[PDB]
C-alpha cells in the first residue's frame, strides 16, 4: 500500500481531498480526472515513497479558464512547499497537456498534497495523473 512517485499516480486515487469531484476523462487511456478545482482545494496521497531525490513533477492537466498553479506540499495542506507547477488555459476541460515544475524532495515516505491556487472567481483546472522524475 505504498505509492510509487516514479510511475504515474492517478489523481482520482486520492486518500483525502477538499473541494473536488471526479468525472470520466476523454484523455487517451480513458479513466478519470479530478475537477471542480478552486483556489485552496487540495488532494492527499498517503504513503508515497521516494527511494531517491525527486527534482521535478510532471502533471497531466486541462483547463477551460485561465488556469492556476499546483503547490506540492507534504505532511499537511500547509506543509513546506517543495515545488510548484503552472497550469495554463489549454482550450477546454478535456483538452489535455502535460506540464512540469521543479521540486526538491529527499528520500523518505510522505503524505503528498497537491494544493490548487489561483483566482477565486472561476474553477481552475482538471488533473488526470502526475509523476515525479529524479
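Positions refer to the first chain, counted from 1.
The stretch with the higher mean CA B factor, choosing between 57-65 and 27-35, is 27-35.
Relative to its counterpart among 69-77 and 48-56, 48-56 has the higher mean temperature factor, C-alpha atoms as listed in the PDB entry.
Compared with the other modelled residues of the chain, the Cα B-factor recorded for residue 16 ranks in the middle third. In the deposited entry, the Cα temperature factor of residue 133 sits in the top third of values across the chain's modelled residues. When the modelled residues of the chain are ordered by C-alpha B-factor, residue 40 sits in the lowest third. Looking at the C-alpha B-factors along this chain, the one for residue 83 belongs to the lowest third.
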